[PDB]
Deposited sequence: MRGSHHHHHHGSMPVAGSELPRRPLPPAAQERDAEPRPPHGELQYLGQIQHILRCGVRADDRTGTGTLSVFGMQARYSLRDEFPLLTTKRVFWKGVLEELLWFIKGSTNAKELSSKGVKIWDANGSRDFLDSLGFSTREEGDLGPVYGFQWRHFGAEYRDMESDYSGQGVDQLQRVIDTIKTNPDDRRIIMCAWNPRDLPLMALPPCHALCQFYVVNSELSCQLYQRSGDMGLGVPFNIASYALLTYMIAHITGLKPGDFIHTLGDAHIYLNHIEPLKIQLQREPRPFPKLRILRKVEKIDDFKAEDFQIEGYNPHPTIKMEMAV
């Protein structure tokens, strides 16, 4: 459960090596981590600090839309994320239009590129034993950088006994701010796809290459480490939904969430 995340933070505090990110900002870093969160009658929204579940849910729905318009997200009461609001081919555009040439935020990308997300759902329905059920996302800043740049993250899905699991592998993870939010966002993506395909959620596994903590996050994380996890909440899906594009924020209700207080981490 959440003790894995806390054990990992503790491990980086104890053994991480000082290393600077591309902007020069100090971090402590280790290489190679993995944790596994059960999705079975529970939902891994971490409880040692209040995670911004509304941001998680609204940003994932916005990825699913394939939107490249920052306005379409901020107006939902959420901050998180050459004209105004145009973000270029961000993660959601790649999920729905993989390989299409990006032009405009208000363009019509209908039937352009590979719809990786629909493909994952179609493969689970046509062959749930397939072990190539994988979707990938690139940091847009890498795309013009070199030929055939590598991906930044990949999700592999897996089905056994009518249960759907997901392993997210990211090449670099911010353990303080980004990981608890991503645990929740990919766990929620797994619940959505399992709902669509008639499966029950199984496990979300999160695997990192470089796992780092920003120097300015160390003192808050030391304090978060003294807090006792509470039992995870549940996620209910409130109606039958048939197509991944048809979900709305109102379809979801988190139950029994009882976190310790919000922790601010400098962005």
Gaps in the model, given as deposited-sequence positions counted from residue 1:
1 to 40, 122 to 137, 324 to 325
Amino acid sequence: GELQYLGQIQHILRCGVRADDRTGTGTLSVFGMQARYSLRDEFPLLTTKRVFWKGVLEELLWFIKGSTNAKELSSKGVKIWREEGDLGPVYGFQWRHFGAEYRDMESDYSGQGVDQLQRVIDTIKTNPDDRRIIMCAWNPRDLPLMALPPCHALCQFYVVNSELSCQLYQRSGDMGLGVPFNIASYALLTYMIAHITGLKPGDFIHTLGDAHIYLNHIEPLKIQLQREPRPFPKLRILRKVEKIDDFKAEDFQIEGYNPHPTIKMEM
From here on, numbers count along this sequence of modelled residues.
Tell me which stretch, 142 to 150 or 176 to 184, has the higher mean Cα B-factor listed in the entry.
142 to 150
If you take the mean CA temperature factor per stretch, which one wins between 42 to 50 and 23 to 31?
23 to 31
From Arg119, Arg171, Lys71, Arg132, which pick has the Cα B-factor that tops the rest in the entry?
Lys71
Which has the highest CA B-factor per the PDB entry: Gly209, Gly202, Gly66, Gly55?
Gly66
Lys234: CA temperature factor from the record, placed by chain third, in the middle
Test of reading the entry: by CA B factor among the chain's modelled residues, which third contains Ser107?
highest
Among the modelled residues of its chain, the C-alpha B-factor of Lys240 falls in the third labelled highest
How does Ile196 rank on Cα B-factor within its chain, lowest, middle or highest third?
middle
Where does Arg227 sit by CA temperature factor within its chain: lowest, middle or highest third?
highest
